[PDB]
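Chains as they are written, first to last, in the deposited numbering: chain A, 74 to 217; chain D, 74 to 289.
Right, here's the structure in full:
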């Protein structure tokens with residue numbers, strides 16, 4: 074916590090786990106209560122690490138290809154040397170670029186295993202968007 | 074046996090053999106005498122160990138199928154130390170889930186090879202179902218890709234069509250392309266409607282098609 078009073082305070086937050094808004098109080102400012110930490114997690118941790126490696130394979134298919142989507146090439150330093158599957162999975166989910174509503178959709182599901190399949194689907198959707206761009210590009214050049 | 078502080082009795086039992094009893098009293102404890110202990114032992118263990126190896130391979134293929142789901146990979150290390158083939162087969166059948174009637178038919182059957190083939194067929198159909206379901210999950214991700222692709226295509230041609238024509242030919246292009254759907258259409262009329270839209274979307278601000286196709 075730094076102290077720079079000027080009207081803007083970027084809080085350095087490292088979130089523990091997600092929670093459900095049970096109720097919100099109209100303000101301003103709006104007070105919304107939270108639930109417990111989402112400690113529900115899979116117990117098949119070897120196969121969850123296998124799925125984390127699959128999400129890392131999708132992440133390597135994403136960063137090395139979607140430079141027109143303006144990703145970061147230095148993200149490979151933080152994905153090696155850690156033994157946390159959920160942290161690495163949502164790190165891949167937040168290093169990836171899409172709308173805020175899809176991050177809200179990720180925040181909806183407290184099931185950890187379906188989240189990686191949704192993120193892999195979104196990265197393959199962006200690969201689908203590139204091959205859509207290639208298809209429409211060859212179509213427009215042949216038509217002209 | 075160990076004690077738990079929630080009031081629930083914690084006892085760990087291990088079955089040994091089955092018994093044929095005609096009726097148990099309403100109970101508790103439903104008391105009944107046991108006449109005979111019917112359990113077959115592995116004789117001519119070459120074929121028995123061949124089906125044991127086949128059951129082990131089918132069980133391993135049945136376990137290694139849950140990428141998006143939770144299952145027990147480490148439970149196969151405890152069954153490799155089992156020396157009795159019938160105990161290994163019953164442990165494989167216990168950790169695999171199917172219907173209650175099939176479990177009752179396995180329990181009622183006094184033949185080792187028949188229930189070995191039954192568990193082998195159940196593991197084969199479970200392996201087929203789980204491979205199909207993982208292909209379904211892969212197709213769910215790829216269908217999300219393809220339906221977002223077609224949705225982006227339709228919305229982008231609509232958007233850049235509206236942005237450059239005369240509000241899609243005086244609102245009339247989107248007027249008719251939503252007036253297509255409120256009218257019930259034959260399917261050839263849907264195909265022709267798209268064609269009329271095509272002869273209109275080639276130019277909604279240039280050739281007479283911008284008007285004649287619009288009127289069409």
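In this text, a Cβ means the ideal position worked out from N, Cα and C, and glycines have one as well.
| query | result |
| --- | --- |
| Listed by chain order, chain D residues near residue 186 (chain A) by CB distance under 9 Å | 139, 140, 141, 142 and 143 |
| Proximity to residue 115 (chain D) [Cα-Cα], best of D:188, D:285 and D:136 | D:188 |
| Contact with chain D by residue 125 (chain A), beta-carbon distance below 7 Å | no |
| Three-pair Cβ contact test at 8 Å for the segment 95 to 113 of chain D versus the segment 170 to 180 of chain D | no |
| Per-residue burial, residue 198 (chain A) [other beta carbons within 10 Å of its own, 16 or more giving buried] | buried |
| Pairwise C-alpha distance: residue 81 (chain A) and residue 146 (chain A) | 30 Å |
| Residues that residue 214 (chain D) contacts on chain A, provided the C-beta gap is smaller than 7 Å | 190, 193, 194 and 197 |
| Close Cβ partners of residue 135 (chain D) (< 6 Å) along its chain, the five nearest in sequence each way excluded | 196, 199 and 200 |
| Residue 158 (chain A), buried or exposed, once every other Cβ within 10 Å from all chains shown has been counted against 16 | buried |
| Residue 296 (chain D) (DSSP reduced to helix, strand or coil) | Residue 296 (chain D) is absent from the structure shown; chain D starts at 74 and stops at 289. |
| Neighbourhood of residue 139 (chain D) by C-beta distance below 8 Å, restricted to the same chain and skipping five residues each side | 203 |
| CA-to-CA distance, residue 169 (chain A) to residue 109 (chain A), given in whole angstroms | 27 Å |
| Candidates D:92, D:213, D:118 and D:192: closest to residue 106 (chain D) by CA position | D:92 |
| Cα-Cα separation, residue 124 (chain A) to residue 190 (chain A) | 9 Å |
| Beta carbon of residue 214 (chain D) nearer than 7 Å to that of residue 193 (chain A) | yes |
| Sequence-distant residues of its chain with Cβ nearer than 7 Å to residue 90 (chain D) (five each side left out) | 110 and 112 |
| Cα-Cα separation between residue 131 (chain A) and residue 162 (chain A), rounded to whole angstroms | 11 Å |
| Beta-carbon proximity list for residue 148 (chain D), same chain, < 7 Å, skipping 5 on both sides | 168 |
| Positions along the segment 229 to 254 of chain D whose CB lies within less than 9 Å of some CB in chain A | none |
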